[PDB]
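K.L.:
Just dropping this structure here.
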Amino acid sequence: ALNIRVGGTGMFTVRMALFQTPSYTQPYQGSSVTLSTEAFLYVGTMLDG
Amino acid sequence: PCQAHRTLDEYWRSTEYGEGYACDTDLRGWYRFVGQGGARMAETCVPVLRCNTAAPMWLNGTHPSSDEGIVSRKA
Ligand SMILES: *[C@@H]1O[C@H](CO)[C@@H](O[C@@H]2O[C@H](CO)[C@@H](O)[C@H](O)[C@H]2NC(C)=O)[C@H](O)[C@H]1NC(C)=O
Ligand SMILES: *[C@@H]1O[C@H](CO)[C@@H](O)[C@H](O)[C@H]1NC(C)=O
């Protein structure tokens with residue numbers, strides 16, 4: 001038996017998205033947000049790897 | 001009509017809700033308003049920066065009574 005040993009390295013896919021709503025329901029598709037400082041943020045991070 | 005609809009149970013759509021930025025680019029069709037927010041939407045111009053949105057809308061005019069049919073309005 002002849003053993004050819006090979007290797008490599010991979011990158012997992014991890015993301016986040018700004019949920020437009022409370023309860024973290026709908027992502028934001030615009031490229032910029034103009035908001036009020038008194039409003040609240042709702043963001044989360046996905047894992048598609 | 002009254003049989004074909006999608007209910008919407010979002011307690012944050014109330015006139016009481018403080019402020020947010022959600023924008024309904026994707027709401028297509030007939031919908032049924034159900035939940036703590038109530039059964040009917042706004043009738044007068046609610047003050048600005050309410051309902052989890054910077055610029056809310058509202059139906060001007062009144063709700064049609066029972067047995068009135070399809071009514072055209074401009075929110
Ligand atoms: C609400 O009612 C209208 C009127 O039946 C529906 O169809 C629209 O009608 C207008 C006027 O003829 C057209 O200009 C629009 O293109 C029609 N809209 C669509 C999406 O085809 C309309 O679909 C209804 N809208 C919703 C959101 O249910
Ligand atoms: C909507 O109704 C209000 C209240 O009667 C009125 O002031 C306004 O002019 C109406 N808008 C249109 C476009 O007719």
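Going by the structure tokens order, chains are called A, B, ..., each with residues numbered from 1, while ligands are numbered from 1 in the order shown.
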Looking only at the backbone, which of the residues in chain B does DSSP tag as strand (DSSP E), as a VMD selection string?
P.N.:
chain B and resid 6 to 8 31 to 33
K.L.:
Output the contact residues of chain B with respect to chain A at a cut-off of 8 Å, based on only C-alpha atoms, as an NGL selection string.
P.N.:
:B and (12 or 18-23 or 52 or 54)
K.L.:
Just N, CA, C and O atoms for this one: save the residues we selected as a JSON list (two decimals), in the first residue's frame.
P.N.:
[["chain", "number", "residue", "atom", "x", "y", "z"],
["B", 12, "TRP", "N", -46.48, 44.86, 18.06],
["B", 12, "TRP", "CA", -45.69, 46.08, 17.95],
["B", 12, "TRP", "C", -46.26, 47.08, 16.97],
["B", 12, "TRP", "O", -45.79, 48.22, 16.93],
["B", 18, "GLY", "N", -43.33, 52.61, 20.63],
["B", 18, "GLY", "CA", -42.50, 53.78, 20.71],
["B", 18, "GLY", "C", -41.86, 54.23, 19.41],
["B", 18, "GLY", "O", -42.26, 55.25, 18.86],
["B", 19, "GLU", "N", -40.90, 53.46, 18.90],
["B", 19, "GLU", "CA", -40.20, 53.87, 17.69],
["B", 19, "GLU", "C", -39.31, 52.75, 17.17],
["B", 19, "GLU", "O", -38.66, 52.05, 17.94],
["B", 20, "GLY", "N", -39.30, 52.62, 15.85],
["B", 20, "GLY", "CA", -38.48, 51.66, 15.14],
["B", 20, "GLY", "C", -38.32, 52.10, 13.71],
["B", 20, "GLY", "O", -38.41, 53.29, 13.41],
["B", 21, "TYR", "N", -38.08, 51.15, 12.80],
["B", 21, "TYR", "CA", -37.80, 51.51, 11.42],
["B", 21, "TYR", "C", -38.36, 50.53, 10.40],
["B", 21, "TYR", "O", -38.05, 50.67, 9.21],
["B", 22, "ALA", "N", -39.14, 49.54, 10.82],
["B", 22, "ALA", "CA", -39.63, 48.53, 9.89],
["B", 22, "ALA", "C", -40.48, 49.18, 8.80],
["B", 22, "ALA", "O", -41.27, 50.09, 9.05],
["B", 23, "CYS", "N", -40.30, 48.70, 7.57],
["B", 23, "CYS", "CA", -41.03, 49.25, 6.43],
["B", 23, "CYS", "C", -41.62, 48.12, 5.60],
["B", 23, "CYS", "O", -40.91, 47.18, 5.23],
["B", 52, "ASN", "N", -43.31, 51.80, 15.70],
["B", 52, "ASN", "CA", -42.03, 51.21, 15.30],
["B", 52, "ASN", "C", -41.62, 51.66, 13.90],
["B", 52, "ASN", "O", -41.00, 50.91, 13.14],
["B", 54, "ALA", "N", -40.53, 55.50, 11.61],
["B", 54, "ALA", "CA", -40.34, 56.95, 11.62],
["B", 54, "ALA", "C", -41.55, 57.68, 11.06],
["B", 54, "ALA", "O", -41.99, 58.69, 11.63]]
K.L.:
List all protein, DNA and RNA residues that have at least one atom no more than 9 Å from any atom of ligand 2, counting only C-alpha atoms and all ligand atoms, and write them as a list in words.
P.N.:
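Written in the requested form, the residues are residues 44, 59, 60, 61, 62, 73, 74 and 75 of chain B.
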K.L.:
I need the chosen residues saved as a PDB file, in the first residue's frame, with N, CA, C and O atoms.
P.N.:
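Final output, saved to out35.pdb:
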ATOM      1  N   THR B  44     -57.135  58.440  12.442  1.00  0.00           N
ATOM      2  CA  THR B  44     -56.632  59.801  12.370  1.00  0.00           C
ATOM      3  C   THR B  44     -55.119  59.735  12.241  1.00  0.00           C
ATOM      4  O   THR B  44     -54.506  58.696  12.493  1.00  0.00           O
ATOM      5  N   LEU B  59     -55.402  55.386   7.612  1.00  0.00           N
ATOM      6  CA  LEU B  59     -56.556  55.598   6.753  1.00  0.00           C
ATOM      7  C   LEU B  59     -57.299  56.856   7.170  1.00  0.00           C
ATOM      8  O   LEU B  59     -57.753  56.974   8.314  1.00  0.00           O
ATOM      9  N   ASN B  60     -57.400  57.797   6.241  1.00  0.00           N
ATOM     10  CA  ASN B  60     -58.304  58.922   6.373  1.00  0.00           C
ATOM     11  C   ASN B  60     -59.716  58.452   6.056  1.00  0.00           C
ATOM     12  O   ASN B  60     -59.908  57.431   5.391  1.00  0.00           O
ATOM     13  N   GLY B  61     -60.701  59.187   6.548  1.00  0.00           N
ATOM     14  CA  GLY B  61     -62.074  58.746   6.435  1.00  0.00           C
ATOM     15  C   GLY B  61     -62.423  57.741   7.516  1.00  0.00           C
ATOM     16  O   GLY B  61     -61.709  57.572   8.509  1.00  0.00           O
ATOM     17  N   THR B  62     -63.542  57.057   7.308  1.00  0.00           N
ATOM     18  CA  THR B  62     -64.094  56.148   8.299  1.00  0.00           C
ATOM     19  C   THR B  62     -64.144  54.726   7.759  1.00  0.00           C
ATOM     20  O   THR B  62     -64.104  54.500   6.548  1.00  0.00           O
ATOM     21  N   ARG B  73     -60.139  53.614  -0.601  1.00  0.00           N
ATOM     22  CA  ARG B  73     -59.659  54.661   0.286  1.00  0.00           C
ATOM     23  C   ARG B  73     -58.197  54.936  -0.029  1.00  0.00           C
ATOM     24  O   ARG B  73     -57.525  54.147  -0.697  1.00  0.00           O
ATOM     25  N   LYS B  74     -57.710  56.074   0.454  1.00  0.00           N
ATOM     26  CA  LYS B  74     -56.333  56.498   0.223  1.00  0.00           C
ATOM     27  C   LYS B  74     -55.674  56.698   1.584  1.00  0.00           C
ATOM     28  O   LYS B  74     -55.908  57.710   2.253  1.00  0.00           O
ATOM     29  N   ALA B  75     -54.854  55.734   1.993  1.00  0.00           N
ATOM     30  CA  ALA B  75     -54.196  55.781   3.293  1.00  0.00           C
ATOM     31  C   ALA B  75     -53.186  56.920   3.321  1.00  0.00           C
ATOM     32  O   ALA B  75     -52.121  56.836   2.701  1.00  0.00           O
TER      33      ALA B  75
END
K.L.:
Taking only C-alpha atoms and all ligand atoms into account, which of B:72, B:65, B:29, B:42 comes nearest ligand 1?
P.N.:
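Of B:72, B:65, B:29, B:42, the one nearest ligand 1, counting only C-alpha atoms and all ligand atoms, is B:29.
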K.L.:
Residues within 9 Å of ligand 1 (only C-alpha atoms and all ligand atoms), as a PDB file with N, CA, C and O atoms, in the first residue's frame?
P.N.:
ATOM      1  N   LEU B  27     -45.643  43.524   2.036  1.00  0.00           N
ATOM      2  CA  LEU B  27     -46.997  43.124   2.409  1.00  0.00           C
ATOM      3  C   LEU B  27     -47.892  43.165   1.177  1.00  0.00           C
ATOM      4  O   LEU B  27     -48.233  44.245   0.687  1.00  0.00           O
ATOM      5  N   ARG B  28     -48.278  41.994   0.676  1.00  0.00           N
ATOM      6  CA  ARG B  28     -49.045  41.896  -0.563  1.00  0.00           C
ATOM      7  C   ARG B  28     -50.371  41.205  -0.280  1.00  0.00           C
ATOM      8  O   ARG B  28     -50.394  40.001  -0.005  1.00  0.00           O
ATOM      9  N   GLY B  29     -51.468  41.951  -0.355  1.00  0.00           N
ATOM     10  CA  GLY B  29     -52.778  41.330  -0.386  1.00  0.00           C
ATOM     11  C   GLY B  29     -53.740  41.728   0.714  1.00  0.00           C
ATOM     12  O   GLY B  29     -53.596  42.781   1.341  1.00  0.00           O
ATOM     13  N   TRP B  30     -54.737  40.877   0.938  1.00  0.00           N
ATOM     14  CA  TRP B  30     -55.724  41.052   1.994  1.00  0.00           C
ATOM     15  C   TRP B  30     -55.167  40.479   3.289  1.00  0.00           C
ATOM     16  O   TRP B  30     -54.591  39.385   3.287  1.00  0.00           O
ATOM     17  N   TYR B  31     -55.334  41.207   4.389  1.00  0.00           N
ATOM     18  CA  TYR B  31     -54.815  40.768   5.674  1.00  0.00           C
ATOM     19  C   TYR B  31     -55.826  41.032   6.779  1.00  0.00           C
ATOM     20  O   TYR B  31     -56.660  41.936   6.683  1.00  0.00           O
ATOM     21  N   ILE B  70     -66.822  46.413  -1.424  1.00  0.00           N
ATOM     22  CA  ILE B  70     -65.452  46.871  -1.625  1.00  0.00           C
ATOM     23  C   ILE B  70     -65.437  48.393  -1.621  1.00  0.00           C
ATOM     24  O   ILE B  70     -66.194  49.037  -2.357  1.00  0.00           O
ATOM     25  N   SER B  72     -62.966  51.946  -1.720  1.00  0.00           N
ATOM     26  CA  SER B  72     -61.681  52.509  -2.108  1.00  0.00           C
ATOM     27  C   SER B  72     -61.341  53.656  -1.170  1.00  0.00           C
ATOM     28  O   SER B  72     -62.162  54.556  -0.960  1.00  0.00           O
TER      29      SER B  72
END
K.L.:
Go through B:51, B:71, B:66, B:40 one by one, measure the shortest atom-to-atom distance of each to residue 15 of chain B using only C-alpha atoms, and give the residue with the smallest value.
P.N.:
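The shortest atom-to-atom distance to residue 15 of chain B comes from B:51.
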K.L.:
Need the shell around residue 38 of chain B: protein/DNA/RNA residues with any atom at most 9 Å away, counting only C-alpha atoms. Skip same-chain ones fewer than 3 positions apart. Format as a PyMOL selection string?
P.N.:
chain B and resi 11+14+33-35+41
K.L.:
Between A:49, A:31, A:43, A:4, which is the closest to residue 17 of chain A once you count only C-alpha atoms?
P.N.:
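Under the stated criterion, the closest residue is A:43.
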K.L.:
Skip segment 10-15 of chain A itself and residues of its chain fewer than 3 positions away, then list as a ChimeraX atom specification all residues within 10 Å of it, counting only C-alpha atoms.
P.N.:
/A:44-49
K.L.:
With N, CA and C atoms retained, could you export that selection as a short mmCIF file (atom, residue, chain, number, x, y, z; two decimals), in the first residue's frame?
P.N.:
data_model
loop_
_atom_site.label_atom_id
_atom_site.label_comp_id
_atom_site.auth_asym_id
_atom_site.auth_seq_id
_atom_site.Cartn_x
_atom_site.Cartn_y
_atom_site.Cartn_z
N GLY A 44 -28.95 39.95 14.89
CA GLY A 44 -28.58 38.60 15.24
C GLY A 44 -27.59 38.06 14.23
N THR A 45 -27.02 36.91 14.56
CA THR A 45 -25.97 36.29 13.76
C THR A 45 -26.36 34.87 13.40
N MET A 46 -26.26 34.54 12.12
CA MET A 46 -26.60 33.22 11.60
C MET A 46 -25.36 32.36 11.50
N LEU A 47 -25.58 31.08 11.18
CA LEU A 47 -24.48 30.14 11.00
C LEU A 47 -24.84 29.21 9.85
N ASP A 48 -24.30 29.49 8.67
CA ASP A 48 -24.59 28.72 7.47
C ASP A 48 -23.47 27.77 7.09
N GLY A 49 -22.48 27.57 7.97
CA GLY A 49 -21.32 26.78 7.59
C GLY A 49 -21.64 25.31 7.42
#
